[PDB]
Amino acid sequence: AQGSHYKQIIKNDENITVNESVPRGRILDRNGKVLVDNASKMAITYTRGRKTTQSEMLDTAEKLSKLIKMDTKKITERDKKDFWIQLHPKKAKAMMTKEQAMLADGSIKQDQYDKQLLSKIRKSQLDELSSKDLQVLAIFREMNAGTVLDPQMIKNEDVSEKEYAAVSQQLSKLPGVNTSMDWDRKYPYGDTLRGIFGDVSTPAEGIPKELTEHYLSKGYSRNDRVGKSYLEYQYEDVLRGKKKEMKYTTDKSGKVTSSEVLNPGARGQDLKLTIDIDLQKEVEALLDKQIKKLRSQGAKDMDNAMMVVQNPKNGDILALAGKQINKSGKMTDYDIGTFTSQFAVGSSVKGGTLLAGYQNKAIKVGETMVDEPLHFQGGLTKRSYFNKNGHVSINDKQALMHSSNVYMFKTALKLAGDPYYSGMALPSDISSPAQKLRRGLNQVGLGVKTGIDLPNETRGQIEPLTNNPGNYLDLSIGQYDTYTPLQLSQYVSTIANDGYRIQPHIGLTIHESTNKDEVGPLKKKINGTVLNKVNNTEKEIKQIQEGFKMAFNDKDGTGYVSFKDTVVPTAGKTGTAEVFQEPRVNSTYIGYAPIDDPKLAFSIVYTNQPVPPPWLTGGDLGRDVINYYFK
Amino acid sequence: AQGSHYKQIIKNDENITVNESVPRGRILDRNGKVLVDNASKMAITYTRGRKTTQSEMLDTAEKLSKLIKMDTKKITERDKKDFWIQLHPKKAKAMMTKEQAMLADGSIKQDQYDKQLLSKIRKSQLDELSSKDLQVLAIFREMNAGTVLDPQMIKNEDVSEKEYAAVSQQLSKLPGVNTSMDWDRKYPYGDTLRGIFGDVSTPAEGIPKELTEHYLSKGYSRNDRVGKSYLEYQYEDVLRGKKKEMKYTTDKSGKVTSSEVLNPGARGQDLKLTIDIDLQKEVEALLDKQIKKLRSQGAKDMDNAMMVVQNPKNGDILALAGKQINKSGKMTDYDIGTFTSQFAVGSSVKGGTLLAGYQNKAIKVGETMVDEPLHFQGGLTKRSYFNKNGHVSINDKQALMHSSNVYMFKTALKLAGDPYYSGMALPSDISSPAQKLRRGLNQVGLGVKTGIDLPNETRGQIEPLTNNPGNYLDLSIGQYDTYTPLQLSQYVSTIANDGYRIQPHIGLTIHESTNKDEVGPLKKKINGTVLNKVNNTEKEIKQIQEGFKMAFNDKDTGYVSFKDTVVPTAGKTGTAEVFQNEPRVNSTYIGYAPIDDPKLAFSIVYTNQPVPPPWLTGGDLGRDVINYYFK
């Protein structure tokens, strides 16, 4: 049941070509739950003339209210106070006897009048709660809402084919008023992943202006509606409905003599996503809870919280996020910030650096050598959990358990051919080691795009590293180059998957046309492509895992008090980074589950907490979701 | 120039296949000057370890030091310290006598001796190293950093095919070494633009592991040398050459009984770039002058300085940038920064801010409402760059010369529905207006990728804007969303080009594989495709031209540096305020040359100038380049 709305009618001489738009494909979750569907809608606009009175517009709204129903929910307290004065100019007048004479005294002026009149209205707003009144007011306010030749939208709702045939003419009879049919996306899960679904361009905009060349060069007409944001744009390919084109031939008096189908219509293709929308809704719930599980325990200038969760073996995505701009704690969805935004991550990256340190022969696996406060010409770097002494041994696993800054500093120096001796000068040129370290980290997806099927992914901020040894050291900790939540996810995943780095994907399968069937046959599986395998041995790989277990499950692990143990074991790593907002802190968690044949992995980022360490614990979100999925 | 080298030899059943590699395409400037060329190098490798102590390694390295000469730059201070095992009782017998005994009474361990020796060896003692000493050390370090079974690069010798001959004596007759002929890139303009040129993968490497799927997807094999970064990677398709493949048939005895050629091979195709190198090398000098020309003024971490120059069709004539430390003074090349790094800009955005104004009918084509340090709720907050005076009748065009935050701030609200009244509350939802502004800015390139032909272009950090209008007005004055120098340049150029935004390109022309040296038959021309027009009107454009045209020449900012000289140039400055480093400022300038029929456009960005007040003529770097081009 491919429907069609007229879109374009070109007259040449005798030839008239008519193009009709058709429904785009739907988007559904990994279990075929409709996430993005279509609706046939009648859009009713008002086009306020350059000289139209308030008394004119109220009369249009009145006749307009006879025809359609509205929803009163946009009406402001001011709409009501203004409408009341519009409706009852005598009772309004009688409350302002003194100021009326002051108006024509010379004394006060209209602005002072109006403000005094607005303040005297109370128990009489209800007089127009005569819901017939609110219906008119609801239409009226939109008529006043915009500009003097632009059609203001009044109502755009689900119309039927026969309804449009009844009312469109009588609507259009009213001055200002026009009607049209439109395809419009509807969203059964309401707000849940809107950021990620993206938008199709409005009938009014054709191809969006800054996308002109992008779309004209692929055959489109400037008048076509196209995906423009994220999924609607990424999969415009498959989702778009091939419009219906007809060529008519008339005689002089307009009679059609001939006609031909340049192209009949084709409903777009349905796209299934990797996402489990039940899990999505829970993750956003748990995220919101866990955000204010902090009962403002300080973090009221904490400003972003992100989660990604995926299947480590096949790149499949189930994953969103929030921007809690507290200084209230009222928040927007920063959905796309999971792969579009770039954050100082902290010590989460330590797994990758050992790997890099393995593959160049900087350290061997099992390497036990000892950690300390460190001394250079001026510089002292103290590891994060003893600053004075302590002169403890360790191994590679243990350093991750402790989130030991100094084991990574030691390896970085060995990578730079310049092992630590107390009171050494930091090496002057670190171009070569830095390059080696970065290429290591790139292999697990830290500093390179993961490859997700969505536009605008970033790879993170990557600044020159030649003569800044400090930064080089910070890199091996995760406090130079900024990374993405998705990158972190890709990284723990390739660890989970025994070193196979996989291109994450939110698209699962592409199907075929349907008005009815809640999926057509398969046309394309969207696969988690293997991008590469770490240049590391099985024993180096397994060692990061062991390190990752004991950071979560052994008690000196920096993830005991979130992950200690629960419905299934989580191996992972803490992230601890210090930054400027006035100095605040980012905090990070990555991990995966279960340990023996993993099937879930995740990444978490909290930005600009006020926090020194000895309290705050955001990995509870990780515990909570893992508690939910593994029920 | 010409030739091929042995890459692969495969046998099976008396059929041998030899694959020879070939020179990549050159890369040239816009006139014809060679930027990236090729050379036939002998790579001298060293591969020992299992047999080997270290006393003989040094023996091998010293034998070798007579045959070849080495650049000694790569020698580290540690290298020189350790290489004091040739100076005997001088280390030990002299400087370590207290620590000698401390070992003998067990009071000290061998690792502490070495740690204390290294600290005592000073730089004046390292000068006891002779020039030839340093030669063996250059060689030694490359050997000494050797994974045992694995070959380690010593040198790339400039050599004849007809010289390789003579000197390839060492089989393992210098007991560890090996030798081979390889194609190496040559750079006549030295370190200029190297960042942008990129690197092709090393012969050892093959396809670099990270890029495995990206290149195996293309029919490549793991052994192929491939473009890893920037231009080399971007134009990999045209720059690569087709290998020469031979096939021979032997008998059991080894004798070639037939043979055939499958491909004679051909050098890659030559790429001509839009860059003028005698434009490019000047800007760098001018960049180094004009930040030493501001060395003395407090810039103690102005850490970034970038410029992009182009013409409104043929993209980039010029691109370079530096990062600095502390004004310890060290610059490092960072040209790639111009399209990969995002920076908080400022007032330069306003020409676009004013265009989103006109499209949404907030402002009219010339509009007047006035400046005033105006205030809101909270109990306080005011605005634009002073705090009492009430400045008067300035036009839209007049607001740009002042860099007035106030006119923009006005516009945002007027575009958000509710014009200014004092002690108004924050509009608590600004989803819609923020969008309209954003789309507006995208029309001129601010906020999307420019479409440059180089990898890793970033579009800027773009945070949600819905309920935090602590950010929405900042956006109208360019202090919420970061852009790149390139995005600024596309933008200023869209204005010079009468509203036509253009896709910048560094690639000028591709030429087919010629096979001896001129640059061959034209194969493909890389055009500066019009991506879109602003749907601002023909006179709304002229008024931003007009606004820019009187702003570089009478604010009585930017009048200081662009005080008309050679320079019939319009432009606009970006005054704008950061903090984090601890507070500094960012300074930016965009602008375009000959106002009549524009041929040059530019943009500049300094980050973390500590310096707010009206002084730093730092846009004089801008003026500095105009003269060169237009004499």
Side-chain angles (χ1 to χ4, degrees), chain A residues 145-148 150 195 208-214 217 304 323 325 327-328 330-334 337 340-342 360-361 416-425 427-429 432 439 442-443 448 456 458-459 461-464 466-468 503 529-535 579-582, chain B residues 74 76-79 114-119 141 144-147 208-214 323 325 330 332-334 337 340-342 360-361 417 431 439 442-443 445 448-449 451 456 458-459 461-468 470-471 501 503 529-535 579-582:
Chain A
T147 33
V148 238
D150 299 32
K209 205 72 196 224
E210 86 286 4
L211 250 20
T212 296
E213 185 279 343
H214 176 247
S217 81
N304 302 279
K323 179 199 59 152
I325 12 130
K327 288 310 129 224
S328 177
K330 167 62 168 182
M331 340 136 88
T332 326
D333 290 274
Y334 203 1
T340 61
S341 284
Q342 130 288 348
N360 313 80
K361 301 290 135 107
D418 188 21
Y420 181 84
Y421 58 97
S422 175
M424 65 193 301
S428 47
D429 190 276
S432 203
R439 284 185 167 156
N442 294 347
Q443 282 167 19
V448 116
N456 310 318
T458 63
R459 81 190 175 156
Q461 177 192 53
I462 306 180
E463 275 156 354
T466 105
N467 41 31
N468 217 328
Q503 186 176 266
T529 310
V530 153
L531 277 3
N532 71 264
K533 182 203 208 174
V534 295
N535 195 39
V579 81
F580 281 18
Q581 201 193 57
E582 245 90 85
Chain B
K74 293 227 204 70
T76 64
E77 149 196 302
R78 171 77 96 114
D79 281 311
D114 306 336
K115 252 107 145 180
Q116 258 282 281
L117 218 206
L118 262 27
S119 66
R141 61 188 298 273
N144 187 30
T147 149
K209 187 82 187 77
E210 16 130 21
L211 301 173
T212 306
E213 196 268 356
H214 172 257
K323 86 158 184 161
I325 36 166
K330 299 257 276 175
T332 84
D333 307 315
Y334 195 17
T340 66
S341 299
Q342 24 68 254
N360 295 282
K361 289 147 163 53
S431 235
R439 300 163 82 92
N442 303 349
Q443 250 113 119
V448 303
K449 301 204 225 257
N456 307 328
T458 62
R459 80 178 170 151
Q461 174 114 309
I462 306 182
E463 322 253 79
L465 242 210
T466 54
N467 53 351
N468 210 107
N471 305 136
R501 188 172 77 112
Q503 182 177 267
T529 315
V530 171
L531 304 170
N532 71 259
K533 197 170 177 176
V534 294
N535 69 333
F579 54 83
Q580 147 206 140
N581 200 332
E582 167 74 0

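Just the heavy atoms: all of them, side chains too, but no hydrogens, waters or symmetry mates, feed the values below. Each chain gets a letter, A, B and so on, in the order the sequences are listed, and its residues count up from 1.
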- Message: Quick check: do A:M424 and B:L118 have side-chain heavy atoms less than 4.5 Å from each other?
- Response: no

- If every non-hydrogen atom of A:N532 is compared with every non-hydrogen atom of B:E210, which pair is closest and at what distance? OD1-O, 3.9 Å

- Message: Rounded to the nearest 0.5 Å, what separates atom OG1 in A:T340 from atom CD in B:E463?
- Response: 8.5 Å

- Message: I'd like to know if the side chain of B:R78 reaches the main chain of A:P419, judged simply by a donor and an acceptor atom lying under 3.5 Å from each other, with no hydrogens or angles considered.
- Response: yes

- Which bit of A:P427 is near chain B, if near means a heavy-atom gap under 4.5 Å: side chain, backbone, both or neither? neither

- Query: Do B:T466 and A:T332 get their side chains close enough for a donor-acceptor pair, meaning under 3.5 Å?
  - Reply: yes

- Query: For B:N581, is it the side chain, the backbone, both, or neither that has a heavy atom closer than 4.5 Å to a heavy atom of chain A?
  - Reply: backbone

- Side chain from CB out, backbone as N, CA, C, O: work out which of these in B:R501 comes under 4.5 Å of a heavy atom of chain A, or both, or neither. side chain

- Against chain A, label B:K74 side chain, backbone, both or neither, depending on which of its atoms sit under 4.5 Å from a heavy atom there. neither

- Tell me, side chain or backbone of A:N468 under 4.5 Å from chain B's heavy atoms, or both, or neither? side chain

- Task: Would you check if B:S341 and A:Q461 make a side-chain contact, meaning some heavy-atom pair closer than 4.5 Å?
- Result: no

- Got a sec: does the NZ of A:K327 have more than 12 other heavy atoms crowding it under 6.0 Å? yes

- Honestly, the part of B:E77 sitting under 4.5 Å from a heavy atom of chain A is side chain

- Taking every heavy atom of A:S422 against every heavy atom of B:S119, the minimum-distance pair comes out as O-CB, 4.2 Å

- Task: Name the region of A:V579, side chain, backbone, both or neither, that has any atom closer than 4.5 Å to a heavy atom of chain B.
- Result: neither

- Bottom line for B:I325: the part with an atom under 4.5 Å from chain A's heavy atoms is side chain

- Message: I want to check something: taking the side chain as every heavy atom from C-beta on, are B:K209 and A:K533 in contact at a cut-off of under 4.5 Å?
- Response: yes

- Contact class of A:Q342 relative to chain B, heavy atoms under 4.5 angstrom: both

- Does a side-chain heavy-atom distance below 4.5 Å link A:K323 with B:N467? yes

- For chain A, which of B:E582, B:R439, B:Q116 has the most heavy-atom pairs under 4.5 Å? B:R439

- Under 4.5 Å from any heavy atom of chain A - which part of B:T76: neither

- Most chain B-contacting option - heavy-atom pairs closer than 4.5 Å, from A:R459, A:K330, A:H214, A:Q503: A:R459

- Okay, B:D333 and chain A: the region with an atom under 4.5 Å from a heavy atom over there is backbone

